[PDB]
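Below you'll find only one chain, the form deposited in one PDB entry, shown as structure tokens.
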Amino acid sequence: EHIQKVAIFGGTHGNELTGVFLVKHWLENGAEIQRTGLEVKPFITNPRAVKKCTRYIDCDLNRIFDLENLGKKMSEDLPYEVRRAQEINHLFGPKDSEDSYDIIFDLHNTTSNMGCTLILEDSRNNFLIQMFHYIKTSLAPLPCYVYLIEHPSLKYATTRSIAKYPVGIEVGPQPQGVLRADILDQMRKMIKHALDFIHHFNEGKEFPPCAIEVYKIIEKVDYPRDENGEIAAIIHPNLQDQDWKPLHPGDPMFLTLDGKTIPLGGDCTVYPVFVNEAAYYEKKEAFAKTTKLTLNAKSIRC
């Protein structure tokens, strides 16, 4: 299998402007994202949310590419993002069809101090592991992590799950509604390597069995809450900005205004991720706990 149809999504969330800015540039002069023998389409997924420069209009677009939403009768009555979701599935899918696109990169941003991050939706997918191994290794010494999202009741119905091979791209720290240049540079480098991988894959290159480190999600921790549901403590200074780095039972986790430290607890070291994400205030979450495990890929061919 050669890859034929590659797309780059920007503006899934309208106030994550790195994607929006790159995608809008690339819809004018696309040279950067083409490769000899490869044809890739840039696309703004949520134009309404990008105009208002807001996360979403009626509901989060990045949580609805599932059966419950993609298979309901089209009606101007529907929440905007649902109408949009079908519009996108019909363009780049349909999801779970042989006709759907081969790879979609879906570009995101985070207020968390994560750096260049790749999101894996299938720990068994050998083509994705090889891609991600390629992107990590290439980027060095620029740090780059892989966030693993299966399992088994907690998976999201994402925009890029339309593809046979879904690829999430997150780069942080960045405030929402801010275009930073370091971040934009890092994101354009990640894509550069991703698109060069696909190009090498097509040209017939073999990749030897490889091994990458991933961080598998396990549990989302919410903030200590009040007898109302108001946040009662904040992310401890010592945990702030320490995404990916080991957090041990003893370690400070939250801090109250009165000054008291609330520690981790539990049996083992976890690796905090999305520490203090703007978007997860609403959704009740301070960060996600992840375990550090190794994924091995078998060799791959043209």
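One rule holds for the numbers: they count along the sequence shown, beginning at 1. Heads up, when I say rigid core I mean the largest set of C-alphas that superpose within 1.5 Å between the two forms.
The question of which stretch, 4-12 or 291-299, has the higher mean Cα B factor is settled in favour of 291-299. In this entry, 258-266 shows the higher mean Cα temperature factor of the pair 58-66 and 258-266. Taking the deposited Cα B-factors for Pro141, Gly177, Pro208, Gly168, the highest one is held by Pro208. Set against one another, the Cα B-factors of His133, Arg83, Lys164, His151 in the record reach their highest point at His151. In the deposited entry, the Cα temperature factor of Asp96 sits in the middle third of values across the chain's modelled residues. Sort the chain's modelled residues by C-alpha temperature factor and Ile129 lands in the lowest third, per the entry.
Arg225: CA B factor in the highest third of modelled residues in this chain (values from the PDB entry).
Residue-level temperature factors show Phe197 in the lowest third of its chain, judged at the C-alpha atom.
Per the PDB record, residue ranking by Cα B-factor puts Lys189 in the middle third of the chain.
This next part talks about the form deposited in another entry, which is not shown.
Note: rigid core superposed between this form and the one not shown; among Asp77, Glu227, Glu219, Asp96, the CA shift is 2 Å or more only at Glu227.
With the core held fixed, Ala49 shows a CA shift below 2 Å between this form and the one not shown. Annotation for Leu61: C-alpha shift under 2 angstroms between this form and the one not shown, rigid core superposed. Core-superposed comparison between this form and the one not shown: CA of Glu32 displaced by 2 Å or more. Inter-residue distance, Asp96 to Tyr156 (Cα): reduced by at least 3 Å in the other form versus the depicted form.
Annotation for the pair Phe127/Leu154: C-alpha atoms approach each other in the other form, by 3 Å or more compared with this form.
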